[PDB]
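**Student:** Structure file target_10.pdb, PDB, C-alpha atoms and all ligand atoms, is pasted below:
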ATOM      1  CA  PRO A  16       0.000   0.000   0.000  1.00  0.00           C
ATOM      2  CA  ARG A  17       1.381   3.351  -1.270  1.00  0.00           C
ATOM      3  CA  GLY A  18      -0.713   6.393  -0.141  1.00  0.00           C
ATOM      4  CA  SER A  19      -3.660   8.365  -1.574  1.00  0.00           C
ATOM      5  CA  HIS A  20      -1.939  11.458  -3.033  1.00  0.00           C
ATOM      6  CA  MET A  21      -2.830  10.687  -6.644  1.00  0.00           C
ATOM      7  CA  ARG A  22      -3.689  12.494  -9.907  1.00  0.00           C
ATOM      8  CA  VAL A  23      -6.572  10.749 -11.662  1.00  0.00           C
ATOM      9  CA  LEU A  24      -8.376  11.408 -14.998  1.00  0.00           C
ATOM     10  CA  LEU A  25     -11.978  10.212 -15.468  1.00  0.00           C
ATOM     11  CA  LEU A  26     -12.786   9.758 -19.131  1.00  0.00           C
ATOM     12  CA  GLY A  27     -16.165   8.793 -20.542  1.00  0.00           C
ATOM     13  CA  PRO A  28     -19.163   9.903 -22.545  1.00  0.00           C
ATOM     14  CA  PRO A  29     -21.747  12.409 -21.149  1.00  0.00           C
ATOM     15  CA  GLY A  30     -23.832  10.620 -18.560  1.00  0.00           C
ATOM     16  CA  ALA A  31     -21.190   7.975 -17.745  1.00  0.00           C
ATOM     17  CA  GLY A  32     -21.307   8.948 -14.000  1.00  0.00           C
ATOM     18  CA  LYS A  33     -17.992  10.893 -13.954  1.00  0.00           C
ATOM     19  CA  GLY A  34     -19.253  13.799 -11.772  1.00  0.00           C
ATOM     20  CA  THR A  35     -20.925  11.257  -9.499  1.00  0.00           C
ATOM     21  CA  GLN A  36     -17.830   9.141  -8.883  1.00  0.00           C
ATOM     22  CA  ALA A  37     -15.424  12.110  -8.807  1.00  0.00           C
ATOM     23  CA  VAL A  38     -17.221  13.435  -5.701  1.00  0.00           C
ATOM     24  CA  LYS A  39     -17.094  10.012  -4.034  1.00  0.00           C
ATOM     25  CA  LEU A  40     -13.429   9.463  -4.949  1.00  0.00           C
ATOM     26  CA  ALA A  41     -12.483  12.977  -3.827  1.00  0.00           C
ATOM     27  CA  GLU A  42     -13.958  12.287  -0.397  1.00  0.00           C
ATOM     28  CA  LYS A  43     -12.372   8.842  -0.047  1.00  0.00           C
ATOM     29  CA  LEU A  44      -8.912   9.932  -1.273  1.00  0.00           C
ATOM     30  CA  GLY A  45      -8.810  13.391   0.395  1.00  0.00           C
ATOM     31  CA  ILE A  46      -8.050  15.271  -2.867  1.00  0.00           C
ATOM     32  CA  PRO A  47     -10.206  17.828  -4.734  1.00  0.00           C
ATOM     33  CA  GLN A  48     -12.333  17.001  -7.732  1.00  0.00           C
ATOM     34  CA  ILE A  49     -12.067  19.500 -10.577  1.00  0.00           C
ATOM     35  CA  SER A  50     -14.833  19.638 -13.214  1.00  0.00           C
ATOM     36  CA  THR A  51     -14.296  21.876 -16.232  1.00  0.00           C
ATOM     37  CA  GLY A  52     -18.122  21.823 -16.890  1.00  0.00           C
ATOM     38  CA  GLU A  53     -18.631  23.099 -13.310  1.00  0.00           C
ATOM     39  CA  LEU A  54     -16.015  25.886 -13.761  1.00  0.00           C
ATOM     40  CA  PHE A  55     -17.554  27.078 -16.997  1.00  0.00           C
ATOM     41  CA  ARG A  56     -21.010  27.015 -15.398  1.00  0.00           C
ATOM     42  CA  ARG A  57     -19.752  29.172 -12.494  1.00  0.00           C
ATOM     43  CA  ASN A  58     -18.220  31.643 -14.949  1.00  0.00           C
ATOM     44  CA  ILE A  59     -21.533  31.755 -16.767  1.00  0.00           C
ATOM     45  CA  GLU A  60     -23.522  32.424 -13.546  1.00  0.00           C
ATOM     46  CA  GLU A  61     -21.163  35.182 -12.335  1.00  0.00           C
ATOM     47  CA  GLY A  62     -21.308  36.675 -15.867  1.00  0.00           C
ATOM     48  CA  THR A  63     -17.556  36.842 -16.444  1.00  0.00           C
ATOM     49  CA  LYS A  64     -16.133  37.614 -19.912  1.00  0.00           C
ATOM     50  CA  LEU A  65     -15.117  33.896 -20.137  1.00  0.00           C
ATOM     51  CA  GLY A  66     -18.669  32.889 -19.121  1.00  0.00           C
ATOM     52  CA  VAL A  67     -20.163  35.050 -21.840  1.00  0.00           C
ATOM     53  CA  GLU A  68     -17.918  33.496 -24.529  1.00  0.00           C
ATOM     54  CA  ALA A  69     -18.172  29.899 -23.159  1.00  0.00           C
ATOM     55  CA  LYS A  70     -21.996  29.837 -23.009  1.00  0.00           C
ATOM     56  CA  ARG A  71     -22.561  29.532 -26.791  1.00  0.00           C
ATOM     57  CA  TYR A  72     -20.451  26.362 -26.724  1.00  0.00           C
ATOM     58  CA  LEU A  73     -21.993  24.811 -23.598  1.00  0.00           C
ATOM     59  CA  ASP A  74     -25.554  25.471 -24.770  1.00  0.00           C
ATOM     60  CA  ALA A  75     -24.908  23.623 -28.049  1.00  0.00           C
ATOM     61  CA  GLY A  76     -22.963  20.682 -26.591  1.00  0.00           C
ATOM     62  CA  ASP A  77     -19.772  21.838 -28.362  1.00  0.00           C
ATOM     63  CA  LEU A  78     -16.385  21.952 -26.660  1.00  0.00           C
ATOM     64  CA  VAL A  79     -15.232  25.410 -25.552  1.00  0.00           C
ATOM     65  CA  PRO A  80     -12.143  26.308 -27.647  1.00  0.00           C
ATOM     66  CA  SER A  81      -8.983  24.834 -26.191  1.00  0.00           C
ATOM     67  CA  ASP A  82      -7.046  28.068 -25.613  1.00  0.00           C
ATOM     68  CA  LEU A  83      -9.752  29.170 -23.125  1.00  0.00           C
ATOM     69  CA  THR A  84     -10.111  25.752 -21.515  1.00  0.00           C
ATOM     70  CA  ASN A  85      -6.339  25.126 -21.148  1.00  0.00           C
ATOM     71  CA  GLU A  86      -5.849  28.529 -19.495  1.00  0.00           C
ATOM     72  CA  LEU A  87      -8.761  27.933 -17.113  1.00  0.00           C
ATOM     73  CA  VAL A  88      -7.412  24.514 -15.997  1.00  0.00           C
ATOM     74  CA  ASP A  89      -3.862  25.944 -15.665  1.00  0.00           C
ATOM     75  CA  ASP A  90      -5.326  28.640 -13.344  1.00  0.00           C
ATOM     76  CA  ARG A  91      -7.369  26.157 -11.275  1.00  0.00           C
ATOM     77  CA  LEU A  92      -4.340  23.938 -10.784  1.00  0.00           C
ATOM     78  CA  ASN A  93      -2.542  26.962  -9.293  1.00  0.00           C
ATOM     79  CA  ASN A  94      -4.780  26.652  -6.204  1.00  0.00           C
ATOM     80  CA  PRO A  95      -2.712  25.126  -3.393  1.00  0.00           C
ATOM     81  CA  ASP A  96      -5.692  22.764  -2.748  1.00  0.00           C
ATOM     82  CA  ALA A  97      -4.511  20.715  -5.740  1.00  0.00           C
ATOM     83  CA  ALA A  98      -0.893  20.477  -4.591  1.00  0.00           C
ATOM     84  CA  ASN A  99      -1.103  16.852  -3.342  1.00  0.00           C
ATOM     85  CA  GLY A 100      -3.353  15.444  -6.062  1.00  0.00           C
ATOM     86  CA  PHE A 101      -6.726  15.798  -7.699  1.00  0.00           C
ATOM     87  CA  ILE A 102      -9.422  14.041  -9.711  1.00  0.00           C
ATOM     88  CA  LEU A 103     -10.145  15.661 -13.038  1.00  0.00           C
ATOM     89  CA  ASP A 104     -13.699  15.234 -14.402  1.00  0.00           C
ATOM     90  CA  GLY A 105     -14.294  16.283 -18.072  1.00  0.00           C
ATOM     91  CA  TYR A 106     -10.743  17.509 -18.836  1.00  0.00           C
ATOM     92  CA  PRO A 107      -8.825  16.640 -21.028  1.00  0.00           C
ATOM     93  CA  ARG A 108     -11.418  15.989 -23.765  1.00  0.00           C
ATOM     94  CA  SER A 109      -9.048  16.152 -26.801  1.00  0.00           C
ATOM     95  CA  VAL A 110      -5.459  15.092 -27.521  1.00  0.00           C
ATOM     96  CA  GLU A 111      -4.476  18.800 -27.599  1.00  0.00           C
ATOM     97  CA  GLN A 112      -5.835  19.240 -24.044  1.00  0.00           C
ATOM     98  CA  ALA A 113      -3.966  16.054 -22.943  1.00  0.00           C
ATOM     99  CA  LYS A 114      -0.694  17.506 -24.292  1.00  0.00           C
ATOM    100  CA  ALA A 115      -1.452  20.852 -22.676  1.00  0.00           C
ATOM    101  CA  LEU A 116      -2.144  19.087 -19.376  1.00  0.00           C
ATOM    102  CA  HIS A 117       1.147  17.189 -19.549  1.00  0.00           C
ATOM    103  CA  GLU A 118       2.985  20.536 -19.914  1.00  0.00           C
ATOM    104  CA  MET A 119       1.103  22.149 -17.011  1.00  0.00           C
ATOM    105  CA  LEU A 120       1.942  19.295 -14.670  1.00  0.00           C
ATOM    106  CA  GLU A 121       5.543  18.973 -15.823  1.00  0.00           C
ATOM    107  CA  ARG A 122       6.047  22.720 -14.958  1.00  0.00           C
ATOM    108  CA  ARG A 123       4.855  21.792 -11.473  1.00  0.00           C
ATOM    109  CA  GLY A 124       7.078  18.681 -11.300  1.00  0.00           C
ATOM    110  CA  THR A 125       4.341  16.058 -11.467  1.00  0.00           C
ATOM    111  CA  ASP A 126       2.114  14.002 -13.825  1.00  0.00           C
ATOM    112  CA  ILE A 127      -1.044  11.898 -14.101  1.00  0.00           C
ATOM    113  CA  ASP A 128      -1.077   8.624 -12.087  1.00  0.00           C
ATOM    114  CA  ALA A 129      -4.189   6.844 -13.391  1.00  0.00           C
ATOM    115  CA  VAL A 130      -6.784   7.127 -16.147  1.00  0.00           C
ATOM    116  CA  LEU A 131     -10.188   5.535 -15.739  1.00  0.00           C
ATOM    117  CA  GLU A 132     -12.551   5.085 -18.649  1.00  0.00           C
ATOM    118  CA  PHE A 133     -16.191   4.823 -17.617  1.00  0.00           C
ATOM    119  CA  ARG A 134     -17.640   2.264 -20.017  1.00  0.00           C
ATOM    120  CA  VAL A 135     -21.443   2.616 -20.386  1.00  0.00           C
ATOM    121  CA  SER A 136     -23.776   1.566 -23.232  1.00  0.00           C
ATOM    122  CA  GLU A 137     -25.523   4.336 -25.123  1.00  0.00           C
ATOM    123  CA  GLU A 138     -29.015   3.150 -24.006  1.00  0.00           C
ATOM    124  CA  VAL A 139     -28.010   3.642 -20.368  1.00  0.00           C
ATOM    125  CA  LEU A 140     -26.398   7.065 -21.079  1.00  0.00           C
ATOM    126  CA  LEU A 141     -29.594   8.281 -22.680  1.00  0.00           C
ATOM    127  CA  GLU A 142     -31.816   7.172 -19.796  1.00  0.00           C
ATOM    128  CA  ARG A 143     -29.475   8.814 -17.266  1.00  0.00           C
ATOM    129  CA  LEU A 144     -29.243  12.140 -19.127  1.00  0.00           C
ATOM    130  CA  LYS A 145     -33.004  12.223 -19.614  1.00  0.00           C
ATOM    131  CA  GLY A 146     -33.373  11.669 -15.835  1.00  0.00           C
ATOM    132  CA  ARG A 147     -30.785  14.378 -15.068  1.00  0.00           C
ATOM    133  CA  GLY A 148     -32.515  17.249 -16.900  1.00  0.00           C
ATOM    134  CA  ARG A 149     -29.672  19.737 -16.934  1.00  0.00           C
ATOM    135  CA  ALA A 150     -30.080  22.499 -19.578  1.00  0.00           C
ATOM    136  CA  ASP A 151     -27.930  20.667 -22.169  1.00  0.00           C
ATOM    137  CA  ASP A 152     -29.679  17.317 -21.642  1.00  0.00           C
ATOM    138  CA  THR A 153     -32.003  17.622 -24.717  1.00  0.00           C
ATOM    139  CA  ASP A 154     -32.185  15.136 -27.651  1.00  0.00           C
ATOM    140  CA  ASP A 155     -30.319  17.273 -30.264  1.00  0.00           C
ATOM    141  CA  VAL A 156     -27.698  18.569 -27.824  1.00  0.00           C
ATOM    142  CA  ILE A 157     -27.079  15.073 -26.452  1.00  0.00           C
ATOM    143  CA  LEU A 158     -26.556  13.809 -30.029  1.00  0.00           C
ATOM    144  CA  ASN A 159     -23.988  16.546 -30.612  1.00  0.00           C
ATOM    145  CA  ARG A 160     -22.215  15.781 -27.307  1.00  0.00           C
ATOM    146  CA  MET A 161     -22.004  12.089 -28.291  1.00  0.00           C
ATOM    147  CA  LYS A 162     -20.389  13.014 -31.643  1.00  0.00           C
ATOM    148  CA  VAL A 163     -18.038  15.382 -29.807  1.00  0.00           C
ATOM    149  CA  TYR A 164     -17.052  12.513 -27.506  1.00  0.00           C
ATOM    150  CA  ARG A 165     -16.501  10.095 -30.379  1.00  0.00           C
ATOM    151  CA  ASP A 166     -14.537  12.574 -32.518  1.00  0.00           C
ATOM    152  CA  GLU A 167     -12.416  14.436 -29.965  1.00  0.00           C
ATOM    153  CA  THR A 168     -12.382  12.527 -26.686  1.00  0.00           C
ATOM    154  CA  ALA A 169     -12.374   8.790 -27.618  1.00  0.00           C
ATOM    155  CA  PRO A 170      -8.843   9.125 -29.162  1.00  0.00           C
ATOM    156  CA  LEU A 171      -7.572   9.712 -25.597  1.00  0.00           C
ATOM    157  CA  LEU A 172      -8.190   6.020 -24.861  1.00  0.00           C
ATOM    158  CA  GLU A 173      -5.284   5.297 -27.223  1.00  0.00           C
ATOM    159  CA  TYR A 174      -3.268   8.321 -26.005  1.00  0.00           C
ATOM    160  CA  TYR A 175      -3.413   7.127 -22.407  1.00  0.00           C
ATOM    161  CA  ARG A 176      -3.312   3.412 -23.281  1.00  0.00           C
ATOM    162  CA  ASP A 177      -0.388   2.755 -20.883  1.00  0.00           C
ATOM    163  CA  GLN A 178      -2.222   4.150 -17.844  1.00  0.00           C
ATOM    164  CA  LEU A 179      -5.805   3.280 -18.852  1.00  0.00           C
ATOM    165  CA  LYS A 180      -8.125   1.117 -16.759  1.00  0.00           C
ATOM    166  CA  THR A 181     -11.672   0.515 -18.076  1.00  0.00           C
ATOM    167  CA  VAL A 182     -14.441   0.408 -15.485  1.00  0.00           C
ATOM    168  CA  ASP A 183     -17.805  -1.347 -16.073  1.00  0.00           C
ATOM    169  CA  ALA A 184     -19.716   1.801 -15.134  1.00  0.00           C
ATOM    170  CA  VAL A 185     -23.217   0.238 -15.275  1.00  0.00           C
ATOM    171  CA  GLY A 186     -24.425  -0.779 -11.855  1.00  0.00           C
ATOM    172  CA  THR A 187     -25.318   0.922  -8.608  1.00  0.00           C
ATOM    173  CA  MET A 188     -23.346   4.005  -7.524  1.00  0.00           C
ATOM    174  CA  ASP A 189     -21.749   1.912  -4.763  1.00  0.00           C
ATOM    175  CA  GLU A 190     -20.927  -0.879  -7.280  1.00  0.00           C
ATOM    176  CA  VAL A 191     -19.225   1.512  -9.708  1.00  0.00           C
ATOM    177  CA  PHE A 192     -17.379   3.256  -6.812  1.00  0.00           C
ATOM    178  CA  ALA A 193     -15.952  -0.091  -5.715  1.00  0.00           C
ATOM    179  CA  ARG A 194     -14.969  -0.896  -9.303  1.00  0.00           C
ATOM    180  CA  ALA A 195     -13.209   2.469  -9.736  1.00  0.00           C
ATOM    181  CA  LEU A 196     -11.317   1.850  -6.430  1.00  0.00           C
ATOM    182  CA  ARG A 197     -10.209  -1.634  -7.562  1.00  0.00           C
ATOM    183  CA  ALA A 198      -8.978  -0.054 -10.820  1.00  0.00           C
ATOM    184  CA  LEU A 199      -6.886   2.392  -8.715  1.00  0.00           C
ATOM    185  CA  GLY A 200      -5.580  -0.488  -6.591  1.00  0.00           C
ATOM    186  CA  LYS A 201      -7.529   0.853  -3.564  1.00  0.00           C
TER     187      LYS A 201
HETATM  188  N1  LIG A 301     -24.323   4.101 -11.107  1.00  0.00           N
HETATM  189  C1  LIG A 301     -25.334   4.941 -11.441  1.00  0.00           C
HETATM  190  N2  LIG A 301     -26.580   4.449 -11.639  1.00  0.00           N
HETATM  191  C2  LIG A 301     -27.630   5.224 -11.978  1.00  0.00           C
HETATM  192  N3  LIG A 301     -27.531   6.550 -12.184  1.00  0.00           N
HETATM  193  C3  LIG A 301     -26.328   7.173 -12.025  1.00  0.00           C
HETATM  194  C4  LIG A 301     -25.137   6.401 -11.649  1.00  0.00           C
HETATM  195  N4  LIG A 301     -24.130   7.276 -11.572  1.00  0.00           N
HETATM  196  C5  LIG A 301     -24.625   8.500 -11.872  1.00  0.00           C
HETATM  197  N5  LIG A 301     -25.940   8.431 -12.143  1.00  0.00           N
HETATM  198  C6  LIG A 301     -26.870   9.531 -12.515  1.00  0.00           C
HETATM  199  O1  LIG A 301     -26.817   9.726 -13.927  1.00  0.00           O
HETATM  200  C7  LIG A 301     -26.740  11.102 -14.268  1.00  0.00           C
HETATM  201  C8  LIG A 301     -25.396  11.361 -14.956  1.00  0.00           C
HETATM  202  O2  LIG A 301     -24.383  11.265 -13.962  1.00  0.00           O
HETATM  203  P1  LIG A 301     -23.140  12.249 -13.965  1.00  0.00           P
HETATM  204  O3  LIG A 301     -22.261  11.814 -12.831  1.00  0.00           O
HETATM  205  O4  LIG A 301     -23.638  13.654 -13.967  1.00  0.00           O
HETATM  206  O5  LIG A 301     -22.371  11.910 -15.365  1.00  0.00           O
HETATM  207  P2  LIG A 301     -21.214  12.692 -16.176  1.00  0.00           P
HETATM  208  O6  LIG A 301     -20.537  13.637 -15.209  1.00  0.00           O
HETATM  209  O7  LIG A 301     -20.347  11.497 -16.550  1.00  0.00           O
HETATM  210  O8  LIG A 301     -21.955  13.324 -17.326  1.00  0.00           O
HETATM  211  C9  LIG A 301     -26.964  11.861 -12.973  1.00  0.00           C
HETATM  212  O9  LIG A 301     -28.393  12.131 -12.918  1.00  0.00           O
HETATM  213  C10 LIG A 301     -26.522  10.884 -11.906  1.00  0.00           C
HETATM  214  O10 LIG A 301     -27.135  11.123 -10.632  1.00  0.00           O
HETATM  215  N1  LIG A 302     -12.394  19.859 -21.356  1.00  0.00           N
HETATM  216  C1  LIG A 302     -13.327  20.655 -21.944  1.00  0.00           C
HETATM  217  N2  LIG A 302     -13.084  21.330 -23.080  1.00  0.00           N
HETATM  218  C2  LIG A 302     -14.013  22.091 -23.685  1.00  0.00           C
HETATM  219  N3  LIG A 302     -15.247  22.285 -23.186  1.00  0.00           N
HETATM  220  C3  LIG A 302     -15.609  21.678 -22.035  1.00  0.00           C
HETATM  221  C4  LIG A 302     -14.642  20.845 -21.318  1.00  0.00           C
HETATM  222  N4  LIG A 302     -15.247  20.388 -20.224  1.00  0.00           N
HETATM  223  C5  LIG A 302     -16.515  20.876 -20.213  1.00  0.00           C
HETATM  224  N5  LIG A 302     -16.713  21.664 -21.302  1.00  0.00           N
HETATM  225  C6  LIG A 302     -17.968  22.356 -21.679  1.00  0.00           C
HETATM  226  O1  LIG A 302     -18.870  22.141 -20.605  1.00  0.00           O
HETATM  227  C7  LIG A 302     -19.959  21.320 -21.015  1.00  0.00           C
HETATM  228  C8  LIG A 302     -20.475  20.531 -19.815  1.00  0.00           C
HETATM  229  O2  LIG A 302     -19.463  19.603 -19.404  1.00  0.00           O
HETATM  230  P1  LIG A 302     -19.731  18.459 -18.330  1.00  0.00           P
HETATM  231  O3  LIG A 302     -20.288  19.153 -17.095  1.00  0.00           O
HETATM  232  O4  LIG A 302     -18.408  17.760 -18.204  1.00  0.00           O
HETATM  233  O5  LIG A 302     -20.860  17.522 -18.957  1.00  0.00           O
HETATM  234  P2  LIG A 302     -21.261  16.050 -18.361  1.00  0.00           P
HETATM  235  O6  LIG A 302     -21.416  16.271 -16.863  1.00  0.00           O
HETATM  236  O7  LIG A 302     -22.604  15.637 -18.953  1.00  0.00           O
HETATM  237  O8  LIG A 302     -20.116  15.115 -18.723  1.00  0.00           O
HETATM  238  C9  LIG A 302     -19.403  20.529 -22.204  1.00  0.00           C
HETATM  239  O9  LIG A 302     -20.408  20.017 -23.089  1.00  0.00           O
HETATM  240  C10 LIG A 302     -18.579  21.606 -22.881  1.00  0.00           C
HETATM  241  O10 LIG A 302     -19.453  22.491 -23.640  1.00  0.00           O
HETATM  242 MG    MG A 303     -20.985  15.827 -14.843  1.00  0.00          MG
END
Please go through the file and, once you have read it, give me the structure as structure tokens.
Ligand SMILES: Nc1ncnc2c1ncn2[C@@H]1O[C@H](COP(=O)(O)OP(=O)(O)O)[C@@H](O)[C@H]1O
Ligand SMILES: Nc1ncnc2c1ncn2[C@@H]1O[C@H](COP(=O)(O)OP(=O)(O)O)[C@@H](O)[C@H]1O
Ligand SMILES: [Mg+2]

**Tutor:**
Amino acid sequence: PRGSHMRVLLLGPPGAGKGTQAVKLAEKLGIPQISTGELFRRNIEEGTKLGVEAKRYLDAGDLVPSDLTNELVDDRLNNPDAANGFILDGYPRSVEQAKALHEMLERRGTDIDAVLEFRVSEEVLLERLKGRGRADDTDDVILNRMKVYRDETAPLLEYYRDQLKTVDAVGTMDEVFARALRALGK
């Protein structure tokens, strides 16, 4: 047994349960969870200049351009709360963001420890998103987000192939939590 100070990526399509498990893992491991969707939504609700520009992209299910997202994650990781590890939820979502992340962490003398892919069939995703009812959880937006995932984000499974663990993310919250912990060796 080696300690809990880890840097974990959760990768997976919209609805895979990433936000859900990131909160549970953050509590268990004693490290913050960081959601790029959450940070954009806060910017939007405080009406920042970033919020104003990001909203067109969030509303449509598109990714916010990478220059804005990379800068935002770089800034968040400057918080001393993230100094002994973190769980990232929804970033990186493209190979460009993965290379940008590598640079950010290298500057700070560290790197990613583990990468968990939340594997969930599309039928399950749809039922979950329809039950969630967030603003972007509509049929046309969900379709776009799925294409976004396939086109931009799914290539990360190959990029992180050496660190990747796939989790059967269909089951109870407790079931999936235990599976994610086994994947982390915890
Ligand atoms: N194991 C699970 N079983 C059933 N529903 C779940 C499970 N995990 C999460 N959910 C629910 O499904 C929806 C999507 O979960 P969420 O964690 O927001 O996914 P993501 O962050 O991957 O888009 C939420 O309404 C959430 O409460
Ligand atoms: N890494 C990212 N790069 C670009 N845009 C992002 C990123 N993360 C989140 N966003 C924007 O925020 C939206 C909501 O993200 P998220 O909360 O992660 O959705 P979900 O919880 O369903 O996985 C995304 O559809 C996108 O418009
Ligand atoms: Mg989420």

**Student:** For residue 71 of chain A, work out the shell of residues within 12 Å, counting only C-alpha atoms and skipping chain neighbours fewer than 4 positions away, then give it as a compact mmCIF listing (two decimals) with C-alpha atoms, in the frame of the given file.

**Tutor:**
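And here's part_31.txt as it stands now:
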# COMPACT_ATOMS: atom_id res chain seq x y z
CA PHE A 55 -17.55 27.08 -17.00
CA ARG A 56 -21.01 27.02 -15.40
CA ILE A 59 -21.53 31.76 -16.77
CA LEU A 65 -15.12 33.90 -20.14
CA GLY A 66 -18.67 32.89 -19.12
CA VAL A 67 -20.16 35.05 -21.84
CA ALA A 75 -24.91 23.62 -28.05
CA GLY A 76 -22.96 20.68 -26.59
CA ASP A 77 -19.77 21.84 -28.36
CA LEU A 78 -16.39 21.95 -26.66
CA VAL A 79 -15.23 25.41 -25.55
CA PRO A 80 -12.14 26.31 -27.65
CA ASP A 151 -27.93 20.67 -22.17

**Student:** Restricting the calculation to all atoms listed in the file, which member of A:114, A:33, A:22, A:134 is positioned closest to ligand MG 303 (chain A)?

**Tutor:**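 Answer, going by the shortest atom-to-atom distance: A:33.
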
**Student:** Between atom CA of residue 100 of chain A and atom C7 of ligand LIG 301 (chain A), what is the distance in Å, rounded to a tenth?

**Tutor:** 25.2 Å

**Student:** Around segment 54-58 of chain A, fit a box with edges along x, y and z, padding it by 3 Å on each side, then list its centre and edge lengths in Å to one decimal as lines of an AutoDock Vina configuration file.

**Tutor:**
center_x = -18.5
center_y = 28.8
center_z = -14.7
size_x = 11.0
size_y = 11.8
size_z = 10.5

**Student:** Which residues match the PyMOL selection byres (((not hetatm)) within 9 of (chain A and resi 301)) in the file above, as number ranges by chain?

**Tutor:** A: 25-38, 50, 52, 104-105, 133, 139-140, 142-149, 184-192

**Student:** Closest to residue 173 of chain A among A:110, A:23, A:98, A:87, using only C-alpha atoms?

**Tutor:** A:110

**Student:** So, with only C-alpha atoms and all ligand atoms as the atoms that count, which of A:84, A:94, A:58, A:159 lies closest to ligand LIG 302 (chain A)?

**Tutor:** A:84

**Student:** Could you tell me how far atom CA of residue 86 of chain A sits from atom CA of residue 180 of chain A, in Å to one decimal place?

**Tutor:**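 Result for atom CA of residue 180 of chain A versus atom CA of residue 86 of chain A: 27.6 Å, one decimal.
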
**Student:** Between atom CA of residue 181 of chain A and atom CA of residue 198 of chain A, what is the spacing in Å?

**Tutor:**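 These atoms are spaced 7.8 Å apart.
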
**Student:** Which of these residues is nearest to residue 41 of chain A, using all atoms listed in the file: A:83, A:73, A:101, A:91?

**Tutor:**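 Looking only at the distances to residue 41 of chain A, the closest residue turns out to be A:101.
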
**Student:** Find the residues near residue 167 of chain A: any atom within 9 Å, counting only C-alpha atoms, skip ones fewer than 3 places away on the same chain, and give them as a compact mmCIF listing (two decimals) with C-alpha atoms, in the frame of the given file.

**Tutor:**
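The new file result.txt reads:
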# COMPACT_ATOMS: atom_id res chain seq x y z
CA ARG A 108 -11.42 15.99 -23.76
CA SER A 109 -9.05 16.15 -26.80
CA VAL A 110 -5.46 15.09 -27.52
CA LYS A 162 -20.39 13.01 -31.64
CA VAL A 163 -18.04 15.38 -29.81
CA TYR A 164 -17.05 12.51 -27.51
CA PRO A 170 -8.84 9.12 -29.16
CA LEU A 171 -7.57 9.71 -25.60
